[PDB]
């Protein structure tokens, strides 16, 4: 289920983080334009850039912390607060996050593995509503 998926992802975090983030950028090319340094790079070129690996891993680490602190795929209000308040996130709307979760769920469904896709979809929806409640546009 959702809790095991957290353990699966954490076990090979940089690999999942990279593959899911690439899926996101490839499914929504306009989102790439928010990442100036990733414009004009293939998947394999990105996977050779230090900040790409680092940043995707740090993003997914925080995702997994929020996922683990959630109850029944409902994240803590305080965690939503953090994601809204981050300087790095002042440009964002909730649509950016919805898109990331759509790509994430589609990745999980396509994979050979027994991810609880439905729970991640619901976690995504609940996080987007929590971000809105914490004041994201």
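Numbering follows the first chain given and starts at 1.
Quiz item: Which has the higher mean CA temperature factor in the PDB entry, 125 to 133 or 5 to 13?
Solution: Mean CA B-factor is higher for 125 to 133.
Exercise. Look up the CA B-factors in the entry and say which stretch, 67 to 75 or 80 to 88, has the higher mean.
Key: Mean CA B-factor is higher for 80 to 88.
Exercise. Identify, among 39, 104, 49, 59, the residue whose C-alpha carries the highest B-factor in the deposited PDB entry.
Key: Checking the PDB record, the top C-alpha B-factor among 39, 104, 49, 59 is at 49.
Self-check item: CA B-factor placement of residue 33, once the chain's modelled residues are sorted into thirds
Solution: Its C-alpha B-factor, which the entry lists for residue 33, ranks in the highest third among residues of this chain.
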